[PDB]
Amino acid sequence: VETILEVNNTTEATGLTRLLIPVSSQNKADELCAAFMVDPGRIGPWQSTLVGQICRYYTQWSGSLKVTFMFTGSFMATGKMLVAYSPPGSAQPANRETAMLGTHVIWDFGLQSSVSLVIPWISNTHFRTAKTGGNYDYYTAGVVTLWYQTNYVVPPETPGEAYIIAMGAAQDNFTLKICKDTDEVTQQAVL
Amino acid sequence: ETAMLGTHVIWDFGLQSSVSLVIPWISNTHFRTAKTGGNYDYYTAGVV
Amino acid sequence: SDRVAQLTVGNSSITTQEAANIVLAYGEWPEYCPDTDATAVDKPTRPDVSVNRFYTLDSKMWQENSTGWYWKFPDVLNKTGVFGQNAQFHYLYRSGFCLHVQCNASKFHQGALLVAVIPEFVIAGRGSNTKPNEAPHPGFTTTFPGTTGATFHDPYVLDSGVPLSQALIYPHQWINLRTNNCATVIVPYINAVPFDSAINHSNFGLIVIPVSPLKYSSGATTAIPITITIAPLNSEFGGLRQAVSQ
Amino acid sequence: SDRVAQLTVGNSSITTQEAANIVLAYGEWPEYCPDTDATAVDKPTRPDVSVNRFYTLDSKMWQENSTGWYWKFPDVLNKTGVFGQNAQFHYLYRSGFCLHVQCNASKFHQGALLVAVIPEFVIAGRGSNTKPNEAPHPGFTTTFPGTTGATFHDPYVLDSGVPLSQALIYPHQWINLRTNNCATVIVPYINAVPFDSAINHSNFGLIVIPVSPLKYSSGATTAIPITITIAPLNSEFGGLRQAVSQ
Amino acid sequence: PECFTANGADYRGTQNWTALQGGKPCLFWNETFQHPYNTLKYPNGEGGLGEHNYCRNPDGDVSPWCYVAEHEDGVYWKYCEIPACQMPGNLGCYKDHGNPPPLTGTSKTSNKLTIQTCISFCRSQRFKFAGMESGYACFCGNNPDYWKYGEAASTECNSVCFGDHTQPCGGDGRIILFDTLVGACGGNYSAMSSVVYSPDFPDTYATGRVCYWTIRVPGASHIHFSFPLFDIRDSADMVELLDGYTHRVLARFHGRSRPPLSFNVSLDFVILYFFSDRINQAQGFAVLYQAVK
Amino acid sequence: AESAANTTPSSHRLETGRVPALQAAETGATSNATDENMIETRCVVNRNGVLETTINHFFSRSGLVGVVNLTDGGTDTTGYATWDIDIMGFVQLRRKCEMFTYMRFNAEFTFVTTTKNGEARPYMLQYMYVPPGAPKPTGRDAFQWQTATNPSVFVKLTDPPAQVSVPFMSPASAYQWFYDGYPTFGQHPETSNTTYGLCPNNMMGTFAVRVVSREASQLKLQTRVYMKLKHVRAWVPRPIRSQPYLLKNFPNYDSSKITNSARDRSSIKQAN
Amino acid sequence: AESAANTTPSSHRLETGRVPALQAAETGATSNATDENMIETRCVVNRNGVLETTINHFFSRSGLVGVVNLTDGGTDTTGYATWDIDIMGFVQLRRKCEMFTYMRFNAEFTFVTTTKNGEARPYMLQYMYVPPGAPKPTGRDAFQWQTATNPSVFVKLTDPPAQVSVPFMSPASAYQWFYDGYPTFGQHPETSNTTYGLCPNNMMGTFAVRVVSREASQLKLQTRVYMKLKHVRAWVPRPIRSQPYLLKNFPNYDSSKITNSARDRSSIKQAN
Amino acid sequence: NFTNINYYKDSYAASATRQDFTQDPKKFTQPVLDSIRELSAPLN
Amino acid sequence: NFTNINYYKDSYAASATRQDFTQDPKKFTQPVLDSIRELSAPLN
Ligand SMILES: CCCCCCCCCCCCC/C=C/[C@H](O)[C@H](N)CO
Ligand SMILES: CCCCCCCCCCCCC/C=C/[C@H](O)[C@H](N)CO
Ligand SMILES: *[C@@H]1O[C@H](CO)[C@@H](O)[C@H](O)[C@H]1NC(C)=O
Ligand SMILES: *[C@@H]1O[C@H](CO)[C@@H](O)[C@H](O)[C@H]1NC(C)=O
Ligand SMILES: *[C@@H]1O[C@H](CO)[C@@H](O)[C@H](O)[C@H]1NC(C)=O
């Protein structure tokens, strides 16, 4: 079941405006939109989904994941966006001509206002540990980067600032194994 | 280590004292002109 | 069920909402080279998953005084990824291409773009000199612009002495901002030789020229990017040797 | 033939122009109680024309600094019409519900709403006190808002300590102002007991929370109401006695 | 202060015990012919090696250590927990339990994680305290409550870093604390007596570094300077002390100049200048100053 | 299905009309776009098991439930030590169990009793279960400790920990951890609704324990309750709580001092 | 084959052409010259068994693996005692297991706990297995000792030693004791490659143990780990190490002071 | 290997019975009436 | 004499199963392509 990712989890944000990816009209021909890690058992945007907590209850996961974006702008506002997944290796890509060598989908703003980037299973081993920290970077998954394909064009008498809601779920080949305790609660007040 | 990326044969000195390197046809077009000079270097064959 | 389409090549996907029909250039699909037409003896390699995928180039801001941009397609992917690496090591090359040009706007913007391919798109020098030593010739960055692209100086003559009006004989598609926001062309391998070097010979080239200028009222968005995605379908490589850059 | 729908229950009808598909909660239709699962001996009454119809509540103006609103559904229709009168006289109750939330705007407005149902939506008190006598608890107008409704104070935690992001597991629907203007959910009877009092126990509750804020340019309309219509499908009542209010 | 280096490489102390409470005595550095570190091999100092049993660091370790007597149970060497061995700018090591961290802020992981890269990461975002643990961590934050989990021993947090192999990057579940002002490039200093380090002090200083340290005291009579650590292997990069009233140079010290350890100057607007080169870089400075009112 | 899912070999498509990557999210359904309708996949015969992710293998853990103190003094003595049977006293099993609305299961209660300093001296204890409605024992020498028509367990401290099996005994058809209503009729106040959310279908009596002797035993025991769920069925899945717990029978949270569901980042245009 | 090999009756040969004793060793193969193609043998029906020389009967030995100290003081106390699960701490089982490259087996861990002076007082211990990724318990009264969704064993000192069975849980298809590579990408230094040979496919979590009591227990325990291999499969046989071990995760040896594989003799032309 | 044997007259005192591999995911993923095809536009 | 009986649902908690007498020695002793005969010269 898809669940709203928390991609805007940075500072200088309140609670409700924390689940929205701001989209504006950039003057330069190519700029970078929001980007985030794929690892669901890692501190970040995946911590806010149900799949992330379920993967937090276990220690090893497998199978493909699905990230579903959704444009919540105006009807007259159009544009194309590039959602590109990159396998492990180097760090986040700097520009679009480097990030477009991986797995990407061109998504245009039409009548249907939702695209679903699938994240394939390109791991060397069968299972990945949700630890993924420091010397555990052997089990990293990659980086999903959202780039501006053409632009966010807007007609006059129309607001030029939209938002994108990111959802996430798991495919049918999703597999979990080895039950453990979560790390979202360490202490507790005497009830 | 640069020349060993092409077509090569290891030949050892044994009882038979002759090796025969074949030079394959790796041209783009069907025929090559024997001119092969200056601006005709389009029809070169390679270096053994 | 005609305005929506999802093209999947490799590990990439392109979804669309406002689309026309896909264009198949000259009614021929891009396939592999048969044994009857081939001439090389060595066996060619076919990755089929590592070079056959959608590569996204940069975006160019469509302004109001814009003339147009163009590209040499066997030379744009000459340095980007496994395709470029595999093309630098090999001497022969033969593939088709799948194109997709993204340009979205609101329902209050107007304009039209002409995206088409021209086999053997030769850039002509601009001048009125007939002496051999001073006759103007285009530089290497003008003939082969690379992954960035080049702009037009006289887009009415396609920078080649041929009028833009008569350029509708080529495999073309329109991007009308009131009808669609993308254009898709599938072009096969078009050449008089079976294989060819993808470094010193570009087979064709894309060109995007705004015929109707971009117009909008004061208050709407002003940044209109032009994004292009290319899929090298049915790629073949032969003649493995040292890697050369240019 | 998918974007248009006319729902008819009793002597009411709801026509639509911009609609998504109807949502059936948990894949189960609301039906009558079978003899195997029932436990009462007296025969229940079934009007089927007087309580099974679309009741329209008030409208709430969707502002720009809005947090959200919620309702306790077996308690909103506790005083409105033949359904409320028939529910005050009886001790037992079992029915499903059909919902429809209206929110229309122009093609120049932007925003999104998340309307969903939560079985046993328990309101949590807001405070940092652990002493039993000063621990904050919600009042009766906060737990059961009546036909009017109640607003959220911290809609990021659904006023219950559970994050709004994870609330997509419930039967939900989106109202995106560029896609549709209504949302429809059909929910059956969900409880751990066959019958139950419709006065001191609310089975579930609707919640509407604007995830994307309402934005528009200076010159358009500013009053955006939120209208909700509810149809108590397949209603049953048992245990006839004196009428009680609360 | 006794240690002006992040690993205690220069600590000439009188500590002949491993710990003051619950410790075992150290062995002499001349009765250690069994081990490759003794005075029969290194005469004339070489880290400090005489006829004593003091906790030294001759091998370039992460902490000073002595030779303890082997009790047929493995360990023949122990780290010495010296209370007065901390560079000014090192708050100590603390415990780390779980999801509520001691440092509530940004986090960063890398395979090349030294002290100065984490200090610069926390400094480029205007954070007050840095922090690292287990070799691959960089915890930033501005909260004053970083001792919420307890104080850990200094010998417990001696896990080596990943980028450098002469610095302690905390430990497994134990975070070491650092303020972000260390190794910075200039700053308005208004304290009574603080330390000023070179750019990239735990590392070697970069090529082309130039900055201005300013020291103002609201009413001090005259200021006192010092030079605990000074190591320059070149004559092009050099340090200066200037007064900003009429903009004249007081003193110019470089690699070929041995600076005096202490002098007074009757000024109150001293500014420090450090012009580095791009040829040779070895180590920076640890200038300590003092103002008497 | 004993395995997860196999992958069909895919290829590229060059045609108009088929758009599998444009799944609308406004309909309330989940995107059903697979990998085969996208980037070219291969044939993989997956044999990864799904047995561990079931509900009976997820709720088959004991965890701590209750801690009961028994001082048994000489001058400030009580003798007995009752414990209301509830699961909301410790937030681990509570967080694991409050992700559903309705549950139905059995129990495998286990009692681990230790001394203050920690020592297993051969003292025999009496664990009594008092059902709801039965009188509670008042004193170490009361009339209720006869355990006639009442189940009880006699065990020593040197013996292994006792372990009994408990059936499903709620008067409703299933348990519930969230009750959106009131237990009785009447006018409800606006100041302090202390009875809101209370479910009488969960009061499973009281658990008492004493020391079987004649005079006294100056020892402070401390019993721990470990309940293993078995034969469990859950309905209506509910999201997991992201706020710290404050009370036992109330899901109250802090109005100010809110905990975000995800930690903060440096910038939005940065993955690390 | 339940027996070794039988011998065929042989005789003498007087003929040219057949040379069974001239097996060339330059080909990399082993000489296949039998006794029947040589000195005249007889008919022997050998019934010596080969069952004991199999791999499952060779690795079915426990051996010492780990020694864990637990002081549990009053002023310098820690409470817990973790032990990284690795086999390279004692050179006997390490020498027996490093004669192969890839192995795959199960375990039968056994824990023998004694006191400092040696005495079995009835103190109950708690043996906890912390998988890789789970938080480690910090203190004898920590939150992690609840053992919810975590396997643990409760046993006393007067009881027999505990014994559990452990499955194959490496993310790869088999274990490996020699990893010719690096765990992650990046630039690798020339001074000290301390991460070379490290295999993340062998970190089997951490093993912790405490004393279940309230206040303290002034006793220094010392646990011993005995791991019995079972259901073992080995690949790519490797020669046996002839040099003394120096480190745990590194096969370092002495450059000078080399140990010869065979002891010295008086002369080469002398058998004794 | 036999753990289906009970030792008492009551049935709730047994161990975990035969595992059920039933997985209905469509009652949460696609709770819609008009069955959306896989290769089609969800709204027309 | 019966030690093939398991007492749990898991299979790794059993004892040593039936012994396998398989002995392929030719993959280490004669890893050659041309099968060298027993009564012949290995090189000609
Ligand atoms: C002989 C002593 C037995 C001790 C155990 C008492 C037996 C009765 C236990 C009933 C099991 C109830 C499990 C939880 C019930 C309700 O959900 C909780 N009270 C509310 O959280
Ligand atoms: C309940 C306490 C159980 C104590 C035993 C822990 C269970 C996990 C043991 C895994 C068995 C691993 C055997 C060896 C693994 C790797 O090869 C070594 N760590 C490296 O030598
Ligand atoms: C340490 O040095 C001091 C010097 O005053 C001396 O009195 C003391 O005996 C020494 N202790 C040991 C253990 O060497
Ligand atoms: C080492 O130096 C100490 C102090 O001078 C002296 O007492 C001791 O005898 C010396 N040991 C040797 C072996 O010279
Ligand atoms: C500078 O003056 C101070 C008086 O406060 C004195 O202590 C110090 O020794 C002087 N420095 C020198 C180098 O004489």
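Residues numbered from 1 in each chain as written, not as in the entry; some residues may be left out. Chains lettered and ligands numbered in written order. Part of a larger assembly, values for the part shown. Heavy atoms only, no water. Residues with missing side-chain atoms left out of burial classes, pairs and counts.

For this coordinate set, the PDB header names cryo-EM as the determination method and states a resolution of 3.0 Å.

Going by the PDB entry, chain H carries the name Capsid protein VP4 and comes from Coxsackievirus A10.

The PDB entry annotates chain A as Capsid protein VP3 originating from Coxsackievirus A10.

A. Region of interest: the site of ligand 3. All names here are of chain E. Close to ligand 3 lie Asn16, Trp17 and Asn53. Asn16 places a polar side-chain atom, nitrogen or oxygen, 2.4 Å from an oxygen atom of ligand 3. Between ligand 3 and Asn53 there is a distance of 3.3 Å, counted from an oxygen atom to a side-chain nitrogen or oxygen. (Near = heavy atom within 4 Å. Polar contact = N/O pair within 3.5 Å; in protein donor to acceptor, adjacent residues only side chain to side chain.)

B. Structural context of the site of ligand 4. All names here are of chain E. Contacts to ligand 4 come from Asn30, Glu31 and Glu51. At a separation of 2.4 Å, an oxygen atom of ligand 4 approaches a polar side-chain atom of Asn30. A distance of 3.4 Å is found between a nitrogen atom of ligand 4 and a side-chain nitrogen or oxygen belonging to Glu31.

C. Fine view of the state of the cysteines. Under the definition given, this model contains seven disulfides over all chains. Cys182 of chain C supplies the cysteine sulfur nearest to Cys98 of chain C, a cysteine that is in no disulfide, at a spacing of 11 Å. (Disulfide = S-S within 2.5 Å.)

D. Up close: the interface of chain C and chain A. With 49 residues of chain C at the interface, the matching set in chain A holds 42 residues. Taking both sides of the interface into account, the surface hidden between chain C and chain A amounts to around 3,300 Å²; carbon and sulfur atoms contribute 55%. For chain C, the biggest contributors to the area lost against chain A are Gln17, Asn104 and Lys107 of chain C; these three give 19% of the whole. Summed over the shared surface of chain C and chain A, the result is zero salt bridges. Listed by contribution, the elements that provide at least two residues to the side of chain C that touches chain A are β2 (12-15), β4 (55-61), α2 (81-89), β7 (97-102) and β13 (225-231) of chain C. With three bridges joining them, strand β7 (residues 103-108) of chain A and β2 of chain C adopt parallel strand pairing. For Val105 of chain A, the partnering residue across the bridge sits in β2 of chain C and is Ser13 of chain C. (Contact = heavy atoms within 4.5 Å. Buried area = accessible area lost by both parts, 1.4 Å probe. Salt bridge = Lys/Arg side-chain N within 4 Å of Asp/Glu carboxyl O. Helix = DSSP H or I, 4+ residues; strand = E, 2+ residues; numbered from the N terminus. Pairing = 2+ DSSP bridges.)

E. Layout of the nonpolar core. Grouped together as the largest cluster of nonpolar side chains are 121 residues, with contacts concentrated most on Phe69, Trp107, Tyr152 and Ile164 of chain A, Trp174 of chain D together with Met103 of chain F. When residues of this core are assigned to their parent elements, the largest contribution, six residues, is made by strand β11 (residues 162-170) of chain A. Counting residues in each nonpolar core, the second largest holds 54 residues, with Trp147 of chain A, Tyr55 and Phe237 of chain C together with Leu14 of chain F among its members. (Core = buried A, V, L, I, M, F, W, Y, C linked by side-chain atoms within 4.5 Å. Buried < 20%, exposed > 50% of the residue type's maximum accessible area, 1.4 Å probe, protein only.)

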